[PDB]
């Protein structure tokens, strides 16, 4: 057939010379072809400017006239594109973002420029791509190429590593309280890589948190309130490109009861010449399960009266006249009594 017939579907490969900033067009043909005015030694058209059309008329002894007129639509310079890692730092442990950047202008129409990627075995067609649900602490090879009129003119590879993902959780051997103001937590460290621990103890109203060293596996909880339930939470964390907290292990205990605080604002007031009215306010810290107010009346370093009520209101009647009395009032929570509030008041009249 005609050379236009034999070479109607001829393909070209573009080879960039970084030193000259010029392209070579390699004609994809077996036989040593002849080119018109312009020479094509071997089967290569040399020194082509980027983004400029060149015409080549192709013939061979095996085909007749007309010659195959081939238009070389030369691509942009390879150094005008850069493969950039756009990965979001908060999601670096499970994601990859890659994007080609156009670092210098070129006159070629961008509508004929296509970008391809292969990450693992997934194939993408776009200027930028995103991979999600990646396993942390792994390495992946993402290959990419750029096409002009579906012809590859450049390519690159990017090897990416995924950051440090979620450690924890630690295992509690036991968390208990053997005292009223103290508690303890015994645990085992998690198998994953971590930087430190976080302990939080929650009571009814307050929540207190602490950062402990990664080396210790026991914590002595000090300065606790008697007869109160504490919900402990222990988790491990790591400082990667962002802080990553692991799962939290939970445990609880109620601290032991203790003697209550002293009763508040105790008063003794005369109701007659031989009778007193004793009243006080509840202790700030009851520290126990039940409620009871006790009154001890002493005279001459000897206990003369011992009364108890649900409320701190005592009417001490029919006492001896002209006698100095000691009034010891205290709360009893059911488990322990409180330190007595001591007041002295003497009776009037004469015996």
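Numbering follows the first chain given and starts at 1.
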item	value
Higher-scoring stretch by recorded Cα B factor average, 173-181 or 115-123	115-123
30-38 versus 306-314 - greater average Cα B-factor per the deposited record	30-38
Selection from 260, 189, 75, 246 [criterion: highest C-alpha temperature factor in the record]	75
Highest recorded Cα temperature factor - choice among 129, 278, 232, 238	129
Relative C-alpha B-factor of residue 225, binned into the chain's lowest, middle or highest third	lowest
Chain thirds of CA B-factor: placement of residue 85	middle
Third assignment of residue 145 from its chain's C-alpha B-factors	middle
Modelled-residue ranking by C-alpha temperature factor, third containing residue 22	highest
Residue 264 - Cα temperature factor, lowest/middle/highest third of chain	lowest
